[PDB]
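Heads up: the structure comes next, in structure tokens.
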Amino acid sequence: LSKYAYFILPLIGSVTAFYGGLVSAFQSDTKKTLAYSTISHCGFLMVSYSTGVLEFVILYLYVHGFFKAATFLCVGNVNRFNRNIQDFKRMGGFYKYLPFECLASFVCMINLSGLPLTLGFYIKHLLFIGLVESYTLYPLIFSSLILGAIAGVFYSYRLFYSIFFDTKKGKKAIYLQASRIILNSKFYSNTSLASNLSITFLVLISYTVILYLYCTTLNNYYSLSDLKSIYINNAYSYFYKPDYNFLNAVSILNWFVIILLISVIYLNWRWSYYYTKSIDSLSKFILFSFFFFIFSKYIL
Amino acid sequence: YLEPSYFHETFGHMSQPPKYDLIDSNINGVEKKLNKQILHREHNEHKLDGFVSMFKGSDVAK
Amino acid sequence: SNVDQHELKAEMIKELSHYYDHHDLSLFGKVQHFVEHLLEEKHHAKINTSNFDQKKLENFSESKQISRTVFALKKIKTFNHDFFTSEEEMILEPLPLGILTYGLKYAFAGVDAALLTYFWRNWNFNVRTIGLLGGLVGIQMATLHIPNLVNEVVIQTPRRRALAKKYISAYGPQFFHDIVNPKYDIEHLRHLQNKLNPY
Amino acid sequence: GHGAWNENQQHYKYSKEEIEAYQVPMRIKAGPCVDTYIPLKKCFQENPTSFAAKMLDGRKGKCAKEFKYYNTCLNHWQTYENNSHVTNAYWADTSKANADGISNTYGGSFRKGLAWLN
Amino acid sequence: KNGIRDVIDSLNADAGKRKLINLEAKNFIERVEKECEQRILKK
Amino acid sequence: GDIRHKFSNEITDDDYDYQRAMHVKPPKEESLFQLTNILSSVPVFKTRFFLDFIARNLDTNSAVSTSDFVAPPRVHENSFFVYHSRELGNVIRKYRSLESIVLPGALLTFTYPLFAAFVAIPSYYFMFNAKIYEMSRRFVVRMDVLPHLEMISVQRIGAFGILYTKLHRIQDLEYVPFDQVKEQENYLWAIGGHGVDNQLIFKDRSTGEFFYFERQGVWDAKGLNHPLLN
Amino acid sequence: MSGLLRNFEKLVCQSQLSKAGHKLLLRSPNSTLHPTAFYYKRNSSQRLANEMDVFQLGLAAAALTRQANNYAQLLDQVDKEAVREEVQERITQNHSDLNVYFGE
Ligand SMILES: CCCCCCCCCCCCCCCCCC(=O)OC[C@H](COP(=O)([O-])OCC[N+](C)(C)C)OC(=O)CCCCCCCCCCCCCCCCC
Ligand SMILES: CCCCCCCCCCCCCCCCCC(=O)OC[C@H](COP(=O)([O-])OCC[N+](C)(C)C)OC(=O)CCCCCCCCCCCCCCCCC
Ligand SMILES: CCCCCCCCCCCCCCCCCC(=O)OC[C@H](COP(=O)([O-])OCC[N+](C)(C)C)OC(=O)CCCCCCCCCCCCCCCCC
Ligand SMILES: CCCCCCCCCCCCCCCCCC(=O)OC[C@H](COP(=O)([O-])OCC[N+](C)(C)C)OC(=O)CCCCCCCCCCCCCCCCC
Ligand SMILES: CCCCCCCCCCCCCCCCCC(=O)OC[C@H](COP(=O)([O-])OCC[N+](C)(C)C)OC(=O)CCCCCCCCCCCCCCCCC
Ligand SMILES: CCCCCCCCCCCCCCCCCC(=O)OC[C@H](COP(=O)(O)OCCN)OC(=O)CCCCCCCCCCCCCCCCC
Ligand SMILES: CCCCCCCCCCCCCCCC(=O)OC[C@H](COP(=O)(O)O)OC(=O)CCCCCCCCCCCCCCC
């Protein structure tokens, strides 16, 4: 029953989402990147509450909290290995030195940054399903939301690639101190076994709890407990029986994310021995994608 | 696998692999022909009935 | 006397198909849809069933009787959906396809796409390559049916025969023979009720 | 049988005390499918099942008879809430819809995106 | 008449408009059925 | 330096063998399910049918280069070649050839060709045009010199992979330092200029057209030392 | 290079290319190896000598002379006068252009 809430929650939420997403994408420090991503996700939470589906807000909160915590733990292990240097401009080729962190970070980041075919895609999908359109500043709100949503890909890719699979940029000591043959042992590791087990169990339990909440809320049979609110938003109508208009509208954002993924993957910023072969691989991928789509849809 | 919604809304509905039952092969001849025609008519009528029922039932909830 | 329901439904279908039976197709999709509608099966509003009278029940050998009972159960399910329970409905439906079938189909699609990509990139188009592509596509299409046939002939068939035996014991062969006969009243079939269904 | 999409198998309308007993979330109580929802909830209570089973079972297993009525009611409720049955018809053929106006109120303002010029 | 009054009025108007759209769709389907019946009879 | 042998329960190379998938080490032994082992064991592949299929139906040795010196066919009966592009030229050709298959195919297959075009337009203008297309337009596939005209014939890849040759007077060629163009076309050189040489850019003063030469391109010593070009 | 169910008998082996003086000529689409029509300016805002070189003027003059000779052959082998007027007009234009170019 608050006019001020109605006007302020969506605008500030979307502005914060866009700002945090872009700053996180352009960030170079791991903890700063996670902090700005947290700001962006809090903006998205504000916008979800503005839409007014408390179930969607709770789902977004759970997903963000679990995967943000897991990613924070992974980057903490990375920083400890790198001797308290949190900037990944001095991090490179850490995949071999921190094998568990690399894969755990991959999973956690793909879930955190809303990406297709991941547990974290549905939260953004539901937010866009519930977004209201009667606002006066709807153009700015929607544009900021789209930019913030797409911004996830850049920061996730930069963090993961620069930390792990980029060229070795760190000090020679970091690698040499750990590459000594004397250290080769069944006990060898640059992290803690307890830390690895804690991260693994956190990821497993987060997956299970998120699935339980998704079944409770998003299933055909609604089995969530009473929320003690008498305001019904009608947003579930576009989740149960979406129309062609909305179904095709979502495709715009899906393809925007696809193009951005292609850019961050196939775009060359430095000379390499694999420049021509990279362009050739891009051509092969495009042509194969076209033919595969043709066969799947028409020729079977 | 279980949630192809992203694929449907990003690439469209692809050709579905064949799925049918061979119950109709039990009968043969004019019996089979007439029953097949009746079933086809029933299916079309069922689709139309669903459409008209959805359109009409807007006022069911008072 | 009263307006015929089948004729009214046929007119309404002709009028309203554009809404509930129309999708968005590309140019190739529209051409294919045009070809299908040309080589379609017309929606016969009225079927003349006064020429085929019947066959005597005694003629069948108690196995064709069970098969005809399976067909009668399918017809009952098609006309009224409340006759059978969930398990019986699952038995009567085609067995849903599985990961094996889907992966086989998409692996076929992938190999075909790779072959076309190779042919275009190397400009390797000729009679032999085109024939190879056609033959491979045909073999894949033929094979895609094999999983469904195997399912229907191995799993569903014995289950359907057992269900038919159960329902024959419940009702009687003549009860389902009448239903198999096309002269059976479709309205009575719609309003029919199942003894074995608790509902 | 032959009941409307909102009525349940038994054609029984539950009272306020019964709703409070089989407490229904406000999300469902707001809509018209309380009569079809309550039997489904009672069946689930009588035969509790895991969330994994609920997700992986497409027919709701034991509670299929009640879920059929509930699903039909849910489809009608959501379709009438979002007016999708008219929006889809206009999307399929705007010109014919205007020719025989399904709903002039929506037709006068409908404008399909230029990108979707099939 | 200020504050959330405007939002409440807009929501009420939108709900009324959606109900009107549903009613118009129902009227259209009834009209189509009647026209089809009359065409069948007049033959 | 290694002390793993001092303990009976310490890890072993037999325990580390599973990392050979993710770690590059020279081969030690062949598993029963390796492609090499399968081919060498199964007698089916030893059949002359399969052997002849391998020999014929695959990339031919004729197209394989046989020397470090290449003399491509002369463009003109009196001309002599100077520069030629080997790999980036073929890659650009194959990329631009997609406009003859994907584009008509997209038009005839996609449900919403307008949506495809609306997505492609901004994609072309950002991260694609400067990435590949402008570099290809300015790319020099081949360069020969006609002495009677005192001209240079330059071959270029056009739309849909079409190859066209143009003549430029040697008197109209100038060297453009990379410093004069880096700021003007930072994005082009940022994302797409890696293949071509930055410090060997030339342009035709009369027509104002640039010439990009592949870094992994073959030059002819005789062509470079010809008095016309010196 | 690469093919499936194909024979590359007609392909040029790389051995010939590696060899020198192999006597191979390249025919490629959209190839313009003759500069005729490059420097043919029908209207000049200034003297052609100021803007163009002797090489360019000679190319233009040779092209115009060849075209004029061909049109003269057309005049010789054509009979109808009405159709011949167009040929004569084209020849006159070519002659005027040739005169100005050769004077320059
Ligand atoms: C091999 C390594 C490289 C691979 C990289 C990825 C390549 C991606 C190329 C994309 C090209 C553009 C899109 C055209 C294809 C669209 C496919 C689609 O939408 O189907 C969704 C479909 C939609 O199916 P549906 O809509 O009929 O219903 C699915 C739901 N059930 C099952 C209940 C009916 O979802 C799938 O099931 C996908 C296939 C899952 C099983 C695949 C097993 C492996 C098959 C061989 C490998 C294939 C690799 C290629 C990529 C496969 C991706 C699934
Ligand atoms: C030395 C001991 C160390 C500690 C060991 C503890 C082991 C714990 C192992 C399970 C943890 C992870 C559970 C899955 C993640 C949560 C899933 C979820 O959201 O719930 C969904 C489900 C809820 O049920 P459901 O989701 O299947 O649906 C229920 C269906 N209806 C509603 C119809 C009834 O919960 C679980 O599956 C979690 C397990 C049940 C709860 C167990 C609590 C009691 C624990 C007893 C052991 C106590 C040991 C004490 C040791 C003391 C040492 C000092
Ligand atoms: C508002 C207005 C909107 C307008 C939107 C316009 C959208 C449509 C744009 C149309 C683009 C047309 C492109 C023409 C391409 C050729 C151009 C050209 O000259 O290049 C010659 C080029 C180069 O010619 P060349 O002479 O240099 O050499 C010959 C070829 N090589 C190089 C190999 C020796 O040749 C080709 O690329 C030939 C292509 C032939 C096939 C073309 C059609 C392929 C697609 C068929 C339909 C889709 C698949 C269907 C499958 C069905 C299976 C059952
Ligand atoms: C009409 C004028 C000419 C238009 C030319 C077409 C656009 C330019 C060339 C595009 C080539 C790339 C086609 C990829 C097709 C992939 C499968 C598919 O979804 O096709 C059907 C769909 C469209 O078919 P549809 O319209 O039937 O789909 C239903 C509608 N949607 C999807 C919106 C719900 O393809 C596309 O959406 C293509 C969008 C344009 C892409 C423009 C270039 C950016 C991508 C770079 C190339 C690599 C992309 C790889 C993608 C892999 C999978 C994510
Ligand atoms: C005009 C059409 C309507 C849409 C309007 C909007 C146009 C598109 C705007 C995209 C802005 C993206 C900003 C990303 C910033 C990332 C910063 C970062 O992390 O560093 C760079 C990181 C790389 O980080 P790195 O660490 O690997 O290296 C950095 C190297 N330096 C510092 C030298 C630059 O990512 C990128 O480089 C990719 C971003 C550049 C390419 C952008 C391509 C845009 C394609 C738009 C497609 C539109 C599809 C059509 C539909 C759109 C609307 C629905
Ligand atoms: C009388 C005898 C008659 C005999 C008749 C039968 C003969 C045998 C027919 C089947 C076997 C054909 C011959 C085996 C080799 C086939 C090779 C092929 O299909 O092309 C590979 C091609 C490589 O790239 P390309 O640009 O063509 O480079 C040329 C290199 N020479 O690939 C590409 O272009 C790249 C495509 C992929 C792009 C990225 C996606 C990666 C995944 C692709 C997987 C494709 C394989 C199938 C798996 C699908 C599921 C993943
Ligand atoms: C409304 C248009 C919608 C899109 C239409 C796409 C048409 C594609 C076919 C183009 C054929 C002619 C090309 C001419 C080239 C030339 O010499 O182009 C020369 C022109 C003119 O020169 P300048 O503009 O540099 O001065 O350059 C241009 O930039 C204008 C034309 C741009 C054509 C771009 C074609 C590629 C599009 C790629 C889309 C994104 C990638 C898609 C996946 C691979």
Side-chain angles (χ1 to χ4, degrees), chain A residues 275-276 279-280, chain C residues 123, chain F residues 63-97 132-170 172-173 175 193 195-197 200-204 207 209-226 228-230, chain G residues 1 11-35 38:
Chain A
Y275 179 75
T276 67
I279 295 178
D280 196 344
Chain C
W123 200 243
Chain F
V64 176
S65 61
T66 179
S67 179
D68 290 4
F69 170 79
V70 186
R74 56 173 66 94
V75 173
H76 190 262
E77 58 82 14
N78 191 22
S79 65
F80 56 86
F81 116 97
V82 178
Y83 161 80
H84 194 282
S85 59
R86 294 184 296 183
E87 286 188 355
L88 185 55
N90 301 333
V91 169
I92 293 172
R93 185 82 181 284
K94 294 180 181 180
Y95 184 93
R96 302 302 300 271
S97 69
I132 185 160
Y133 287 102
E134 182 59 19
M135 181 278 297
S136 58
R137 290 188 192 94
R138 303 184 182 185
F139 187 68
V140 171
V141 158
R142 173 175 182 174
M143 189 174 64
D144 295 12
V145 179
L146 285 60
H148 60 288
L149 289 169
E150 292 184 3
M151 279 186 174
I152 310 194
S153 64
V154 178
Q155 188 178 21
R156 301 178 175 275
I157 302 168
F160 308 100
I162 278 65
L163 301 176
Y164 61 95
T165 305
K166 304 197 300 183
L167 295 178
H168 302 87
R169 296 188 64 184
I170 297 170
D172 297 0
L173 297 178
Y175 174 87
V196 304
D197 194 327
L200 194 60
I201 308 174
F202 286 81
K203 64 181 292 185
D204 184 74
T207 60
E209 298 179 1
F210 299 96
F211 305 91
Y212 293 172
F213 303 104
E214 189 186 359
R215 279 187 164 87
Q216 301 179 136
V218 302
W219 291 84
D220 183 62
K222 184 184 298 306
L224 289 174
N225 303 20
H226 197 78
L228 292 173
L229 295 177
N230 302 273
Chain G
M1 182 185 298
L11 188 70
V12 176
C13 183
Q14 297 289 339
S15 59
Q16 305 187 29
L17 302 179
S18 68
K19 294 172 182 179
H22 46 59
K23 306 296 181 179
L24 293 175
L25 183 69
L26 180 62
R27 292 179 181 175
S28 55
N30 306 13
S31 59
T32 301
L33 303 178
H34 209 276
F38 285 5

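A note on names: the letters A, B, ... follow the listed sequences, proteins ahead of strands, and every chain is numbered from 1.
- Side-chain contact between F:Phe80 and F:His226 is present, with heavy atoms from C-beta onward closer than 4.5 Å.
- F:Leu163 has its side chain out of reach of G:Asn30: every pair of non-hydrogen atoms, C-beta onward, lies at least 4.5 Å apart.
- For the atom pair CG (G:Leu26) and OG1 (F:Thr165), the distance works out to 7.5 Å, reported to the nearest 0.5 Å.
- Every residue meeting the side chain to side chain contact (heavy atoms under 4.5 Å, CB included) condition with F:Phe160, not counting sequence neighbours, appears here in chain and number order: F:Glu99, F:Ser100, F:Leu103, F:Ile162.
- Remark: F:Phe81 pairs with no residue by the ring pair (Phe, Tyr, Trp, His ring centres under 6.0 Å) rule, at least two apart or across chains.
- Between the F:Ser85 side chain and the F:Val141 main chain, a donor and an acceptor come within less than 3.5 Å of each other.
- Classification of the F:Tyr83-F:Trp219 ring pair by plane angle, with boundaries at 30° and 60°, yields tilted.
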Enumerate, atom names and distances included, each donor-acceptor pair closer than 3.5 Å involving a side-chain atom of residues 147-157 of chain F, sequence neighbours excluded.
unit_1, atom_1, unit_2, atom_2, d
F:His148, ND1, F:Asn78, ND2, 3.2
F:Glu150, OE1, F:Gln171, NE2, 3.2
F:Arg156, NH1, F:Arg137, O, 3.1
F:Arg156, NH1, F:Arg138, O, 3.4
F:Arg156, NH2, F:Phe210, O, 2.8

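- Nearest heavy-atom pair, G:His34 versus F:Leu167, reported as atom, atom and distance to 0.1 Å: N-CD1, 3.9 Å.
- Under the salt bridge (charged side-chain N to carboxylate O under 4.0 Å, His left out) criterion, F:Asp220 pairs with no residue, sequence neighbours left out.
- Rounded to the nearest 0.5 angstrom, G:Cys13 SG and G:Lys19 NZ are separated by 8.5 Å.
- Using a 4.5 Å heavy-atom threshold, the side chains of F:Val70 and F:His84 count as separate.
- Interatomic distance, F:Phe202 CZ to F:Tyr212 OH, rounded to the nearest 0.5 Å: 13.5 Å.
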List, one per line, each side-chain donor-acceptor pair under 3.5 Å for residues 86-93 of chain F, sequence neighbours excluded.
unit_1, atom_1, unit_2, atom_2, d
F:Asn90, ND2, F:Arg86, O, 2.7
F:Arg93, NE, F:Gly161, O, 2.6

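- The stretch residues 66-77 of chain F participates, sequence neighbours left out, in no side chain to side chain donor-acceptor pair (under 3.5 Å) pair at all.
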Might you work through the side-chain contact (heavy atoms from CB on, under 4.5 Å) test for A:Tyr275 and F:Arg215, ending with a clear yes or no?
CA-CA 11 Å; A:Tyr275 179 75; F:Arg215 279 187 164 87; over 6 Å; no
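- To the nearest 0.5 angstrom, G:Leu17 atom CG is 10.0 Å from F:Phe69 atom CZ.
- Across F:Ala159 and F:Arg96, no two heavy atoms sit closer than the pair CA-NH2, 3.6 Å.
- Here the closest heavy-atom approach between residue G:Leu11 and residue G:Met1 is recorded as CD2-N, 4.2 Å.
- Across every non-hydrogen atom of F:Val82 and F:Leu224, the tightest pair is CG1-CD2, 4.1 Å.
- Put simply, the side chain of F:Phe211 reaches to within 4.5 Å of the side chain of F:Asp204, judged on heavy atoms.
- G:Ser18 and G:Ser15 get closest at one heavy-atom pair: OG-O, 2.5 Å.
- When every heavy atom of G:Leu25 is checked against every heavy atom of F:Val75, the shortest pair comes out as CD1-O, 3.8 Å.
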